[PDB]
>>> print(open('query24.pdb').read())   # PDB, C-alpha atoms and all ligand atoms
ATOM      1  CA  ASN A   1     -91.763 -18.290 -53.169
ATOM      2  CA  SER A   2     -90.749 -21.841 -54.173
ATOM      3  CA  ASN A   3     -86.947 -22.397 -54.536
ATOM      4  CA  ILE A   4     -87.314 -24.651 -57.557
ATOM      5  CA  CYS A   5     -88.703 -24.034 -61.086
ATOM      6  CA  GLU A   6     -92.291 -25.087 -61.322
ATOM      7  CA  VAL A   7     -91.845 -26.695 -64.770
ATOM      8  CA  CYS A   8     -88.457 -28.628 -64.542
ATOM      9  CA  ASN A   9     -88.187 -28.882 -60.709
ATOM     10  CA  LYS A  10     -84.550 -27.607 -60.605
ATOM     11  CA  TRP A  11     -82.951 -24.620 -58.885
ATOM     12  CA  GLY A  12     -81.032 -21.971 -60.829
ATOM     13  CA  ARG A  13     -81.728 -18.405 -61.995
ATOM     14  CA  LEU A  14     -85.441 -18.229 -60.886
ATOM     15  CA  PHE A  15     -88.016 -15.472 -61.437
ATOM     16  CA  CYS A  16     -90.660 -15.317 -58.757
ATOM     17  CA  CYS A  17     -94.390 -14.743 -59.305
ATOM     18  CA  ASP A  18     -95.726 -11.711 -57.392
ATOM     19  CA  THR A  19     -99.248 -13.175 -56.996
ATOM     20  CA  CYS A  20     -98.518 -16.791 -56.118
ATOM     21  CA  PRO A  21     -95.529 -18.675 -54.705
ATOM     22  CA  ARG A  22     -94.344 -20.294 -58.005
ATOM     23  CA  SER A  23     -90.979 -19.624 -59.610
ATOM     24  CA  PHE A  24     -89.592 -20.200 -63.064
ATOM     25  CA  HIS A  25     -86.534 -20.321 -65.125
ATOM     26  CA  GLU A  26     -86.618 -17.648 -67.850
ATOM     27  CA  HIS A  27     -87.263 -20.057 -70.787
ATOM     28  CA  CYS A  28     -89.217 -22.601 -68.763
ATOM     29  CA  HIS A  29     -92.089 -20.109 -68.375
ATOM     30  CA  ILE A  30     -94.248 -19.742 -71.479
ATOM     31  CA  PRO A  31     -94.178 -17.069 -72.742
ATOM     32  CA  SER A  32     -90.478 -16.418 -71.676
ATOM     33  CA  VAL A  33     -90.386 -14.383 -68.473
ATOM     34  CA  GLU A  34     -90.877 -10.703 -69.326
ATOM     35  CA  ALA A  35     -87.871  -8.242 -69.098
ATOM     36  CA  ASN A  36     -89.475  -5.657 -66.810
ATOM     37  CA  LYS A  37     -93.039  -5.829 -65.284
ATOM     38  CA  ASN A  38     -93.169  -5.147 -61.526
ATOM     39  CA  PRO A  39     -95.294  -6.737 -60.267
ATOM     40  CA  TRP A  40     -95.128  -9.841 -62.536
ATOM     41  CA  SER A  41     -97.840 -12.469 -62.643
ATOM     42  CA  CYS A  42     -97.119 -16.017 -64.017
ATOM     43  CA  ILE A  43     -99.242 -17.882 -66.515
ATOM     44  CA  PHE A  44    -101.037 -19.843 -63.800
ATOM     45  CA  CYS A  45    -102.170 -16.532 -62.239
ATOM     46  CA  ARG A  46    -103.209 -15.069 -65.607
ATOM     47  CA  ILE A  47    -105.324 -18.089 -66.419
ATOM     48  CA  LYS A  48    -106.897 -17.992 -62.957
ATOM     49  CA  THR A  49    -107.770 -14.310 -63.655
ATOM     50  CA  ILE A  50    -109.642 -15.222 -66.886
ATOM     51  CA  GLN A  51    -111.727 -17.718 -64.924
ATOM     52  CA  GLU A  52    -112.459 -15.255 -62.122
ATOM     53  CA  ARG A  53    -113.537 -12.491 -64.509
ATOM     54  CA  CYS A  54    -115.858 -14.911 -66.417
ATOM     55  CA  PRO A  55    -116.950 -17.760 -64.172
ATOM     56  CA  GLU A  56    -119.236 -19.045 -66.942
ATOM     57  CA  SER A  57    -116.061 -19.711 -69.035
ATOM     58  CA  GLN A  58    -115.923 -22.963 -67.015
ATOM     59  CA  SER A  59    -119.278 -24.329 -68.191
ATOM     60  CA  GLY A  60    -118.909 -27.240 -70.634
ATOM     61  CA  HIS A  61    -117.864 -26.773 -74.226
ATOM     62  CA  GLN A  62    -117.833 -28.941 -77.326
ATOM     63  CA  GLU A  63    -114.309 -29.721 -78.621
ATOM     64  CA  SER A  64    -115.343 -28.846 -82.131
ATOM     65  CA  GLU A  65    -116.311 -25.273 -81.145
ATOM     66  CA  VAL A  66    -113.097 -24.894 -79.113
ATOM     67  CA  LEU A  67    -110.911 -26.000 -82.166
ATOM     68  CA  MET A  68    -112.520 -23.382 -84.462
ATOM     69  CA  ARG A  69    -111.822 -20.463 -82.231
ATOM     70  CA  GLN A  70    -109.494 -17.853 -83.549
ATOM     71  CA  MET A  71    -106.242 -17.318 -81.674
ATOM     72  CA  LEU A  72    -107.258 -14.069 -79.901
ATOM     73  CA  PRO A  73    -105.170 -13.141 -76.821
ATOM     74  CA  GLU A  74    -107.092 -15.342 -74.367
ATOM     75  CA  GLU A  75    -106.897 -18.476 -76.600
ATOM     76  CA  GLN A  76    -103.265 -17.750 -77.228
ATOM     77  CA  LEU A  77    -102.612 -17.658 -73.498
ATOM     78  CA  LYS A  78    -104.571 -20.930 -73.012
ATOM     79  CA  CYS A  79    -102.560 -22.745 -75.605
ATOM     80  CA  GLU A  80     -99.320 -21.368 -74.018
ATOM     81  CA  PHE A  81    -100.508 -22.751 -70.601
ATOM     82  CA  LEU A  82    -101.426 -26.150 -72.134
ATOM     83  CA  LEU A  83     -98.054 -26.339 -73.712
ATOM     84  CA  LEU A  84     -96.401 -25.442 -70.379
ATOM     85  CA  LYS A  85     -98.407 -28.226 -68.671
ATOM     86  CA  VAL A  86     -96.920 -30.833 -70.956
ATOM     87  CA  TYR A  87     -93.382 -29.547 -70.336
ATOM     88  CA  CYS A  88     -94.105 -29.886 -66.635
ATOM     89  CA  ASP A  89     -94.056 -33.696 -67.013
ATOM     90  CA  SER A  90     -90.554 -35.062 -66.986
ATOM     91  CA  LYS A  91     -91.465 -37.391 -69.893
ATOM     92  CA  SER A  92     -91.724 -34.343 -72.134
ATOM     93  CA  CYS A  93     -87.946 -34.581 -72.603
ATOM     94  CA  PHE A  94     -88.553 -37.281 -75.223
ATOM     95  CA  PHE A  95     -90.666 -34.950 -77.348
ATOM     96  CA  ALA A  96     -88.949 -31.572 -76.816
ATOM     97  CA  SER A  97     -86.178 -31.506 -79.470
ATOM     98  CA  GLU A  98     -86.138 -32.495 -83.114
ATOM     99  CA  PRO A  99     -86.312 -36.266 -83.503
ATOM    100  CA  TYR A 100     -84.664 -38.551 -86.015
ATOM    101  CA  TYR A 101     -85.746 -41.846 -87.342
ATOM    102  CA  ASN A 102     -83.581 -44.835 -88.179
ATOM    103  CA  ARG A 103     -84.988 -48.113 -86.913
ATOM    104  CA  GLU A 104     -85.065 -51.400 -88.793
ATOM    105  CA  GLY A 105     -88.621 -52.116 -89.879
ATOM    106  CA  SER A 106     -89.895 -48.532 -89.573
ATOM    107  CA  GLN A 107     -90.064 -45.410 -91.663
ATOM    108  CA  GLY A 108     -89.962 -41.871 -90.332
ATOM    109  CA  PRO A 109     -93.195 -39.764 -90.229
ATOM    110  CA  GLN A 110     -94.003 -37.594 -93.193
ATOM    111  CA  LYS A 111     -94.401 -34.617 -90.881
ATOM    112  CA  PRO A 112     -92.149 -34.574 -87.890
ATOM    113  CA  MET A 113     -93.137 -32.503 -84.931
ATOM    114  CA  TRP A 114     -91.811 -31.629 -81.518
ATOM    115  CA  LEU A 115     -92.523 -29.443 -78.532
ATOM    116  CA  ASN A 116     -89.801 -26.858 -79.194
ATOM    117  CA  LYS A 117     -91.209 -26.402 -82.703
ATOM    118  CA  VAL A 118     -94.725 -25.808 -81.289
ATOM    119  CA  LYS A 119     -93.223 -23.366 -78.773
ATOM    120  CA  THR A 120     -91.559 -21.367 -81.577
ATOM    121  CA  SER A 121     -94.750 -21.493 -83.585
ATOM    122  CA  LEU A 122     -96.823 -20.107 -80.738
ATOM    123  CA  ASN A 123     -94.202 -17.411 -80.087
ATOM    124  CA  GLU A 124     -94.169 -16.387 -83.785
ATOM    125  CA  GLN A 125     -98.088 -16.209 -83.850
ATOM    126  CA  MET A 126     -98.255 -18.852 -86.611
ATOM    127  CA  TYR A 127    -101.439 -20.498 -85.429
ATOM    128  CA  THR A 128    -104.582 -18.645 -86.493
ATOM    129  CA  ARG A 129    -106.942 -21.037 -84.668
ATOM    130  CA  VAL A 130    -106.772 -23.380 -81.675
ATOM    131  CA  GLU A 131    -107.127 -26.250 -84.099
ATOM    132  CA  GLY A 132    -103.626 -25.540 -85.499
ATOM    133  CA  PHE A 133    -101.957 -25.817 -82.153
ATOM    134  CA  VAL A 134    -103.955 -28.923 -81.071
ATOM    135  CA  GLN A 135    -103.250 -30.649 -84.420
ATOM    136  CA  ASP A 136     -99.448 -30.184 -84.054
ATOM    137  CA  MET A 137     -99.640 -31.406 -80.422
ATOM    138  CA  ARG A 138    -101.496 -34.581 -81.285
ATOM    139  CA  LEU A 139     -99.252 -35.088 -84.246
ATOM    140  CA  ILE A 140     -96.294 -35.414 -81.897
ATOM    141  CA  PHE A 141     -97.824 -38.432 -80.123
ATOM    142  CA  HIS A 142     -99.339 -39.960 -83.209
ATOM    143  CA  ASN A 143     -95.974 -39.952 -85.035
ATOM    144  CA  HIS A 144     -94.383 -41.583 -82.010
ATOM    145  CA  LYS A 145     -97.058 -44.339 -81.867
ATOM    146  CA  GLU A 146     -96.698 -45.090 -85.506
ATOM    147  CA  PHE A 147     -92.871 -45.231 -85.562
ATOM    148  CA  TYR A 148     -92.316 -47.338 -82.465
ATOM    149  CA  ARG A 149     -94.894 -49.931 -83.408
ATOM    150  CA  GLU A 150     -94.856 -52.786 -80.865
ATOM    151  CA  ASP A 151     -91.787 -51.567 -78.970
ATOM    152  CA  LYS A 152     -92.775 -50.860 -75.399
ATOM    153  CA  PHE A 153     -91.275 -47.344 -75.916
ATOM    154  CA  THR A 154     -94.621 -46.540 -77.588
ATOM    155  CA  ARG A 155     -96.112 -46.168 -74.123
ATOM    156  CA  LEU A 156     -94.210 -42.896 -73.566
ATOM    157  CA  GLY A 157     -96.359 -41.342 -76.319
ATOM    158  CA  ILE A 158     -99.501 -42.649 -74.754
ATOM    159  CA  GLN A 159     -98.445 -41.318 -71.406
ATOM    160  CA  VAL A 160     -97.586 -37.767 -72.483
ATOM    161  CA  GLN A 161    -100.677 -37.643 -74.728
ATOM    162  CA  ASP A 162    -102.798 -38.413 -71.722
ATOM    163  CA  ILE A 163    -101.244 -35.395 -69.890
ATOM    164  CA  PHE A 164    -101.916 -33.236 -72.878
ATOM    165  CA  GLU A 165    -105.595 -34.385 -73.277
ATOM    166  CA  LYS A 166    -106.515 -34.084 -69.539
ATOM    167  CA  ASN A 167    -105.035 -30.562 -69.477
ATOM    168  CA  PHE A 168    -106.819 -29.668 -72.723
ATOM    169  CA  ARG A 169    -110.149 -30.755 -71.315
ATOM    170  CA  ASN A 170    -109.448 -28.761 -68.106
ATOM    171  CA  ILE A 171    -108.043 -25.524 -69.611
ATOM    172  CA  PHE A 172    -110.705 -25.245 -72.287
ATOM    173  CA  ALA A 173    -113.513 -26.525 -70.064
ATOM    174  CA  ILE A 174    -114.576 -29.346 -72.370
ATOM    175  CA  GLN A 175    -117.962 -30.834 -71.433
ATOM    176  CA  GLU A 176    -117.462 -33.958 -69.335
ATOM    177  CA  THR A 177    -118.672 -37.252 -70.766
ATOM    178  CA  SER A 178    -118.608 -41.053 -70.150
TER
HETATM  179 ZN    ZN B 201     -87.054 -24.778 -65.236
HETATM  180 ZN    ZN B 202     -98.364 -16.932 -60.173
HETATM  181 ZN    ZN B 203    -118.545 -13.394 -68.047
END
>>> encode(input="query24.pdb", output="C-alpha cells")
Amino acid sequence: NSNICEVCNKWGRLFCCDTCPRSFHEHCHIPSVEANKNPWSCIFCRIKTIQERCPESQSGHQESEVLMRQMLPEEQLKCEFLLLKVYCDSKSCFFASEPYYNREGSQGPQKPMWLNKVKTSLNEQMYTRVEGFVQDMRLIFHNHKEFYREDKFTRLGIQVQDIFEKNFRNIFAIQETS
C-alpha cells in the first residue's frame, strides 16, 4: 500500500485498502473509514465495482436526467466520490471551512456554502436528489466568483470548479460534447 493519504498526500494514521494500494486518513476518506470491515474496500474500488457490474452505466447521459435522480445508495456513493475528488486538489483548502466576508466594495453571498458543510449534508442524508448536492457544489464557486470580483483570487474558484465539473462528467458518465 501507499505510505501517504491519497486525498491530502501526507503520512499519519493511515487505513489501507484491501483491494487496491491506496491509503487514507480516517476523515479524509468519504464516507469516514469504517470501524470494522475486514477486508475493507475504498471508495475508488466501490465505484470501480459499480462500473464492472454494469458496463453500460458508462454510456453517455444527459445532465438533466442525472440531476433528477433520487439519492439511492449508488448515487449517494457517486456524490461522495465526487466530493472526495475535489478534496484531493490542494486548492480545496480555500473552500473547505466556513468563509467570512469583509472586503471593501463587496457584499457577502446570501447563501454561504463550503465543502465541510456539503460533507455533513451528505453524511446526514439531507440531499434527496443529485441536483441538491450539485447545486450546493456549484454554489461554492459561484459565491467565490461573485465576491472576489476582479481580484485575481477569483481564479481559485474557476480552478476548483473545473476539477469538480471534469469529475462530475466522468463519475456520472455525462455524454461528451463540443
Ligand atoms: Zn489525508
Ligand atoms: Zn481501493
Ligand atoms: Zn447492467
>>> residues_near_ligand(input="query24.pdb", ligand="ligand ZN 201 (chain B)", cutoff="7 Å", atoms="only C-alpha atoms and all ligand atoms", output="PyMOL selection string")
chain A and resi 5-10+24-25+28
>>> write_last_selection(input="query24.pdb", atoms="C-alpha atoms", output="mmCIF file, keeping the file's coordinate frame")
data_model
loop_
_atom_site.group_PDB
_atom_site.id
_atom_site.type_symbol
_atom_site.label_atom_id
_atom_site.label_comp_id
_atom_site.auth_asym_id
_atom_site.auth_seq_id
_atom_site.Cartn_x
_atom_site.Cartn_y
_atom_site.Cartn_z
ATOM 1 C CA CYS A 5 -88.703 -24.034 -61.086
ATOM 2 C CA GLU A 6 -92.291 -25.087 -61.322
ATOM 3 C CA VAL A 7 -91.845 -26.695 -64.770
ATOM 4 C CA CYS A 8 -88.457 -28.628 -64.542
ATOM 5 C CA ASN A 9 -88.187 -28.882 -60.709
ATOM 6 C CA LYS A 10 -84.550 -27.607 -60.605
ATOM 7 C CA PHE A 24 -89.592 -20.200 -63.064
ATOM 8 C CA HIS A 25 -86.534 -20.321 -65.125
ATOM 9 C CA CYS A 28 -89.217 -22.601 -68.763
#
>>> axis_aligned_box(input="query24.pdb", around="stretch 93-108 of chain A", padding_each_side="4 Å", output="JSON")
{"center_x": -87.1, "center_y": -41.8, "center_z": -82.1, "size_x": 15.1, "size_y": 28.6, "size_z": 27.1}
>>> resolve_selection(input="query24.pdb", expression="the PyMOL selection byres (((not hetatm)) within 12 of (chain B and resi 202))", output="ChimeraX atom specification")
/A:1-2,6,15-24,29,33,39-49
>>> residues_near_ligand(input="query24.pdb", ligand="ligand ZN 203 (chain B)", cutoff="7 Å", atoms="only C-alpha atoms and all ligand atoms", output="MDAnalysis selection string")
chainID A and resid 53:57
>>> residues_around(input="query24.pdb", residues="residue A:112", least_positions_apart="3", cutoff="9 Å", atoms="all atoms listed in the file", output="JSON, numbers by chain")
{"A": [98, 99, 100, 108, 109, 139, 140, 143]}
>>> closest_residue(input="query24.pdb", among="A:12, A:105, A:31, A:157", to="residue A:82", atoms="all atoms listed in the file")
A:31
>>> atom_distance(input="query24.pdb", atom1="atom CA of residue A:116", atom2="atom CA of residue A:130")
17.5 Å
>>> residues_around(input="query24.pdb", residues="residue A:122", least_positions_apart="2", cutoff="12 Å", atoms="all atoms listed in the file", output="MDAnalysis selection string")
chainID A and resid 30:32 71 73 75:84 115:120 124:130 132:134 136:137
>>> resolve_selection(input="query24.pdb", expression="the PyMOL selection byres (((chain A and resi 150-153) around 12) and not hetatm)", output="PyMOL selection string")
chain A and resi 91+94+103-106+141+144-149+154-160
>>> atom_distance(input="query24.pdb", atom1="atom CA of residue A:164", atom2="atom CA of residue A:89")
9.8 Å
>>> closest_residue(input="query24.pdb", among="A:110, A:102, A:62, A:92", to="residue A:161", atoms="only C-alpha atoms")
A:92
>>> closest_residue(input="query24.pdb", among="A:14, A:93, A:86, A:72", to="residue A:138", atoms="all atoms listed in the file")
A:86
>>> closest_residue(input="query24.pdb", among="A:37, A:85, A:61, A:13", to="residue A:172", atoms="only C-alpha atoms")
A:61
>>> closest_residue(input="query24.pdb", among="A:58, A:97, A:135, A:3", to="residue A:169", atoms="only C-alpha atoms")
A:58
>>> atom_distance(input="query24.pdb", atom1="atom CA of residue A:96", atom2="atom CA of residue A:27")
13.1 Å
>>> closest_residue(input="query24.pdb", among="A:51, A:163, A:87, A:178", to="residue A:74", atoms="only C-alpha atoms")
A:51
>>> build_atoms(input="query24.pdb", residues="stretch 148-160 of chain A", atoms="N, CA, C and O atoms", output="PDB file, in the frame of the given file")
ATOM      1  N   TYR A 148     -92.802 -46.341 -83.406  1.00  0.00           N
ATOM      2  CA  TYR A 148     -92.316 -47.338 -82.465  1.00  0.00           C
ATOM      3  C   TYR A 148     -93.143 -48.563 -82.386  1.00  0.00           C
ATOM      4  O   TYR A 148     -92.664 -49.537 -81.809  1.00  0.00           O
ATOM      5  N   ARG A 149     -94.314 -48.609 -83.005  1.00  0.00           N
ATOM      6  CA  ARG A 149     -94.894 -49.931 -83.408  1.00  0.00           C
ATOM      7  C   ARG A 149     -95.128 -50.762 -82.147  1.00  0.00           C
ATOM      8  O   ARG A 149     -95.814 -50.282 -81.291  1.00  0.00           O
ATOM      9  N   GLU A 150     -94.540 -51.959 -82.008  1.00  0.00           N
ATOM     10  CA  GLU A 150     -94.856 -52.786 -80.865  1.00  0.00           C
ATOM     11  C   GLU A 150     -93.756 -52.670 -79.835  1.00  0.00           C
ATOM     12  O   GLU A 150     -93.845 -53.358 -78.843  1.00  0.00           O
ATOM     13  N   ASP A 151     -92.722 -51.851 -80.047  1.00  0.00           N
ATOM     14  CA  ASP A 151     -91.787 -51.567 -78.970  1.00  0.00           C
ATOM     15  C   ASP A 151     -92.526 -50.927 -77.785  1.00  0.00           C
ATOM     16  O   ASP A 151     -93.373 -50.008 -77.937  1.00  0.00           O
ATOM     17  N   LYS A 152     -92.141 -51.336 -76.599  1.00  0.00           N
ATOM     18  CA  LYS A 152     -92.775 -50.860 -75.399  1.00  0.00           C
ATOM     19  C   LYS A 152     -92.529 -49.318 -75.239  1.00  0.00           C
ATOM     20  O   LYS A 152     -93.272 -48.656 -74.508  1.00  0.00           O
ATOM     21  N   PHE A 153     -91.553 -48.777 -75.973  1.00  0.00           N
ATOM     22  CA  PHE A 153     -91.275 -47.344 -75.916  1.00  0.00           C
ATOM     23  C   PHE A 153     -92.521 -46.573 -76.406  1.00  0.00           C
ATOM     24  O   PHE A 153     -92.689 -45.370 -76.130  1.00  0.00           O
ATOM     25  N   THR A 154     -93.352 -47.196 -77.196  1.00  0.00           N
ATOM     26  CA  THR A 154     -94.621 -46.540 -77.588  1.00  0.00           C
ATOM     27  C   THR A 154     -95.446 -45.971 -76.427  1.00  0.00           C
ATOM     28  O   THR A 154     -96.152 -44.945 -76.600  1.00  0.00           O
ATOM     29  N   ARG A 155     -95.391 -46.589 -75.255  1.00  0.00           N
ATOM     30  CA  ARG A 155     -96.112 -46.168 -74.123  1.00  0.00           C
ATOM     31  C   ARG A 155     -95.806 -44.712 -73.691  1.00  0.00           C
ATOM     32  O   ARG A 155     -96.710 -44.042 -73.184  1.00  0.00           O
ATOM     33  N   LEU A 156     -94.594 -44.230 -73.951  1.00  0.00           N
ATOM     34  CA  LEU A 156     -94.210 -42.896 -73.566  1.00  0.00           C
ATOM     35  C   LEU A 156     -95.119 -41.899 -74.292  1.00  0.00           C
ATOM     36  O   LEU A 156     -95.493 -40.890 -73.727  1.00  0.00           O
ATOM     37  N   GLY A 157     -95.372 -42.154 -75.571  1.00  0.00           N
ATOM     38  CA  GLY A 157     -96.359 -41.342 -76.319  1.00  0.00           C
ATOM     39  C   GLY A 157     -97.753 -41.370 -75.764  1.00  0.00           C
ATOM     40  O   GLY A 157     -98.467 -40.341 -75.742  1.00  0.00           O
ATOM     41  N   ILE A 158     -98.221 -42.538 -75.350  1.00  0.00           N
ATOM     42  CA  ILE A 158     -99.501 -42.649 -74.754  1.00  0.00           C
ATOM     43  C   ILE A 158     -99.577 -41.874 -73.423  1.00  0.00           C
ATOM     44  O   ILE A 158    -100.548 -41.163 -73.155  1.00  0.00           O
ATOM     45  N   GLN A 159     -98.489 -41.943 -72.669  1.00  0.00           N
ATOM     46  CA  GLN A 159     -98.445 -41.318 -71.406  1.00  0.00           C
ATOM     47  C   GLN A 159     -98.501 -39.776 -71.522  1.00  0.00           C
ATOM     48  O   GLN A 159     -99.173 -39.120 -70.721  1.00  0.00           O
ATOM     49  N   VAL A 160     -97.667 -39.220 -72.395  1.00  0.00           N
ATOM     50  CA  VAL A 160     -97.586 -37.767 -72.483  1.00  0.00           C
ATOM     51  C   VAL A 160     -98.859 -37.294 -73.177  1.00  0.00           C
ATOM     52  O   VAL A 160     -99.330 -36.255 -72.892  1.00  0.00           O
TER      53      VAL A 160
END
